[PDB]
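Report on one structure; see the data block that follows.
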Number of protein chains: 6
Amino acid sequence: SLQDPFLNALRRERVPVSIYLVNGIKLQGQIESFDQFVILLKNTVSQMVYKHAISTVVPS
Amino acid sequence: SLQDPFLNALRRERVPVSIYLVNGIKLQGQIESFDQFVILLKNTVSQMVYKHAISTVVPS
Amino acid sequence: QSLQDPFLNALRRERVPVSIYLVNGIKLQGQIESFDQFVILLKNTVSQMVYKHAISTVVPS
Amino acid sequence: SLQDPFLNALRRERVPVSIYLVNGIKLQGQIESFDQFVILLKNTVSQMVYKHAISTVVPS
Amino acid sequence: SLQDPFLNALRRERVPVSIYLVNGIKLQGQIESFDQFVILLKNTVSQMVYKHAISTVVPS
Amino acid sequence: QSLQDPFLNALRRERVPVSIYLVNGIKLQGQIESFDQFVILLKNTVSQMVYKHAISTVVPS
RNA sequence: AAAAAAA
RNA sequence: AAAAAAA
């Protein structure tokens, strides 16, 4: 698996990320955690993002 | 699984939530219940939202 | 589980007017006639088979 | 258990149908055959339609 | 299955095809090959198209 | 994936500039760094993770 | 087929 | 959240 090491590196190093959704919308924050189906993305608030809705995850 | 505790905390504490859909539409209400495939969001009425149609779930 | 089946079953077994919003934002209206694992039969003037994968939300209208 | 008898009746009786795609596009033909993932839609020329791209099937 | 014999006939007989995508874009070419998840479409180049992105496959 | 793996392998091994069209019409460009069952790592000025479910087509640029 | 409408 | 842009 490539997801877990990629996402964990971002979380452990607390790098600012952009999550681009499939609808073109760009979410920004830090990766708090993730499982098989979701990523929790945090700024001032934690939100649950469904991977099915994500196109890409990119360091900001 | 991160999904069940995230949703259950929202449900159990009656948090006002925003559910953003993959078509960019924002729904608002409280998480009434959920299962493997759907979330029941209650404002004036209970509406069943398929998780496949959801991009994000956020406290409002 | 399970919430989906009892929610649809009550709408069906009570013949309640519903709106089914599709993921593209089109709103379909009528009554839940029937459903299975993958589809919902929506009865109006003509009865139609709606794929669940295309549905965002089901609500009483 | 509901999808297959529905599609089988349209096929057997050669019912003119509309297949609305998830992008709103409306295809018209009669259902030639179908399997788990696709439907063959017949008009002048026959075309294979992926179910994942279909929203609804309705007699025309 | 009717999908494999449908695609196989197109490939074997080198029939010019239109592949309509879920975003409404129309691709044209010959079916070079396919597997469970993708189709290789040949026009001026060979391109790998994910089936999940495809609405319809039609002889042109 | 007897077609998918050799196609991506050749682009990665040969460091071929690629274009990835997403299902929403947006085109990404870069080189394929690696890929697995669900994602492609695409590298340009940075490495980004692209979900395959969001991809329509991969082609050499 | 808008390197991407914090919706 | 155009009962639906044969694309």
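Cβ placement follows ideal geometry from the backbone for every residue including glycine, while neighbour counts extend to all protein chains displayed. Since every read-out is calculated from the coordinates, none of them should be taken as a lab result.
Evaluate the stretch F:6-21: report whether one residue or more is at the interface with another protein chain (Cβ under 8 Å from one of its Cβ atoms), loosely packed, with under 13 Cβ neighbours inside 10 Å and in a loop (DSSP other than H, G, I, E, B). Checked against the condition, which is being at the interface with another protein chain (Cβ under 8 Å from one of its Cβ atoms), loosely packed, with under 13 Cβ neighbours inside 10 Å and in a loop (DSSP other than H, G, I, E, B), the stretch F:6-21 yields no hits at all.
Every listed requirement among (1) over 18 Å from F:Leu3 (Cα atoms); (2) facing another protein chain (nearest Cβ under 8 Å); (3) assigned to a loop (DSSP other than H, G, I, E, B) is met by E:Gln36 save one, (1).
In the stretch C:22-41, the qualifying residues are those that are more than 8 Å from every other protein chain (Cβ to nearest Cβ) and within 16 Å of D:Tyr20 (Cα to Cα), and the one that is farthest from the chain's Cα centre (by Cα) is C:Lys27.
The single condition among (1) more than 7 Å from RNA strand H (Cβ to nearest atom); (2) touching a strand residue (DSSP E or B) at 6+ places or on another chain (Cβ under 8 Å) that D:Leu21 does not satisfy is (1). Looking only at residues in the stretch B:46-60 that are within 7 Å of chain A (Cβ to nearest Cβ) and aliphatic (A, V, I, L, M), the one that is nearest to RNA strand H (Cβ to nearest atom) is B:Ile54. Selection over the stretch E:6-43 of residues that are surrounded by fewer than 17 Cβ atoms within 10 Å (Cβ to Cβ) and within 12 Å of RNA strand G (Cβ to nearest atom) gives a count of 6. Exactly one residue out of A:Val22, A:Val15, A:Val49 is among the β-branched types (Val, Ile, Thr) and within 12 Å of B:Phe6 (Cβ to Cβ), and it is A:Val49. Out of curiosity, is C:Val50 surrounded by 21 or more Cβ atoms within 10 Å (Cβ to Cβ), touching a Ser or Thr at 6+ places or on another chain (Cβ under 8 Å) and either facing chain D (nearest Cβ under 8 Å) or outside any strand (DSSP E or B) (or both)? Judged against the criteria, C:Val50 is a match.
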